[PDB]
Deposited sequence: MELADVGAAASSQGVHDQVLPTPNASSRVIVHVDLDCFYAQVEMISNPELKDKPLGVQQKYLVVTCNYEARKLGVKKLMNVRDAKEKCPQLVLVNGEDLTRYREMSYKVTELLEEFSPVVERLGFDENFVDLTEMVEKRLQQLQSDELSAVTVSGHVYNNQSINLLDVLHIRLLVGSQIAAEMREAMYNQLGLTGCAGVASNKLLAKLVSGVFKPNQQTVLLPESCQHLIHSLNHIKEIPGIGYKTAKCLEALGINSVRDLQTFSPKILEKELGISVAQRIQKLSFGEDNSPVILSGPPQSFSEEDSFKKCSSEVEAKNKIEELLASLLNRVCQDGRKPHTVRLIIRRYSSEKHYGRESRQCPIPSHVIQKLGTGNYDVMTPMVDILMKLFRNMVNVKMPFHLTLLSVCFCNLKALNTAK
């Protein structure tokens, strides 16, 4: 019996922005990347605006829409780490998922609390927030009692986040990662809900597309949808034999457990990042002098990031995207080069070679993306 919590910040980028220029707190807001509105405050979803939505569809639906550019993730990333560091303080094992989601395993903490309690105040243990599906609490159910303590820690987290960081968000408490994440969004925004075990089927059957299961993306969905498997219950019910023989004993076995609300995966300690990368897409790049400048630019920011980081990377990757999947070359970063200096020149030289490897400087080319990644950190 684990007690896991999923923390999900409301319209993160927008939130971070609204904290910056408070003048936009009352005004519906979109955060913009090229031609997309990636996220908007609630004041604006109110008006049909949806996450990842065209600026033409955006502006029209709401010509009162305000916009900030969010291509530079710097400030979001920093707040992201302030959030998880904050959660790491409740309990050290925190798993990040993107910039705006965290899992924390609350089991050891829940136990610690209960022991400190006596029969009286156990009376007495109440929920913080919503109980999924208005299910009834049985105070004599040890599992019920533990999930409620969880809800109490969740609430303390949510309050700490707001009081210390001004951030708002949802939490979902449950017995594994799948359910915690599934339940955290039942009441939005800035609310939390807890999942009692006897409501687990209800929760998973509440989904409408098998892709709404975390663990099941485009490819798998499509492959499933071609086997006639469309509902959670189809997947639950479909032939284990056939499914294995179809997506591999690996995928098949686990995504079938997922369909029953079953998820054994541990909450892993994310710790410091295992890669830094910058990218920029564009209409077209067809010269190698543009590239170098672009790449000098990506390489620029990366340098300050790792510089400010305190560890050193031992390999670089260059990623590109061609005219109308991606491609990449990597190589170790040399000994002395891992180090008040002119790291640019040698670095860009490496990237350039790697660059030419993929690109034909003599045969015209059309690139729609450049990216530099520093991995293999020590």
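- According to the record, no C-alpha positions are given for deposited positions 1 to 26, 351 to 355, 371 to 375, 415 to 420, numbered from 1.
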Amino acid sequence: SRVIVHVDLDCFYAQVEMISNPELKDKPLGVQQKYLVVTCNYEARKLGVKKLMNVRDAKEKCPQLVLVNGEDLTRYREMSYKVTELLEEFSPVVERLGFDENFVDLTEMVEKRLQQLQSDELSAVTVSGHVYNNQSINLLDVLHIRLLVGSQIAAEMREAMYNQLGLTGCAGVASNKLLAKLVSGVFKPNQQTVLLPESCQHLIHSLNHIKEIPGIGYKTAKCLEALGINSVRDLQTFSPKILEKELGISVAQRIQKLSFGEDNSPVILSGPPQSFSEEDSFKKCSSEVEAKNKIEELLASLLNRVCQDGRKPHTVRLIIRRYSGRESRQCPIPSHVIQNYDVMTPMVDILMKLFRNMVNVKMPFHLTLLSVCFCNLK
From here on, numbers count along this sequence of modelled residues.
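Whichever C-alpha set is largest while still superposing within 1.5 Å between the two forms counts as the rigid core.
- Looking at 114 to 122 and 147 to 155, the one farther from the shown form in 9 other deposited structures of this protein by average CA distance, after a rigid core fit, turns out to be 114 to 122.
- In 9 other deposited structures of this protein, superposed on the rigid core, the segment with the larger root-mean-square CA displacement between 242 to 250 and 76 to 84 is 242 to 250.
- For the cut-off of one third of the other compared entries, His366 qualifies: that many or more give it no coordinates while modelling its flanks.
- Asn340 is a gap in at least a third of the other entries compared, counting only those with both neighbours built.
- Here the stretch with the larger average CA B-factor, out of 305 to 313 and 55 to 63, is 55 to 63.
- For the two regions 234 to 242 and 127 to 135, the entry's Cα B-factors average higher over 234 to 242.
- Among all modelled residues in this chain, the alpha-carbon of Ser281 has a temperature factor (C-alpha) in the highest third.
- When the CA B factors of the chain's modelled residues are split into thirds, the value for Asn102 lands in the lowest one.
- The PDB entry assigns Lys294 a C-alpha temperature factor belonging to the highest third of its chain's modelled residues.
- Among the modelled residues of its chain, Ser287 has a C-alpha B-factor that falls in the highest third, as given in the PDB entry.
- In this PDB entry, the Cα temperature factor of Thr220 sits in the middle third of its chain's modelled residues.
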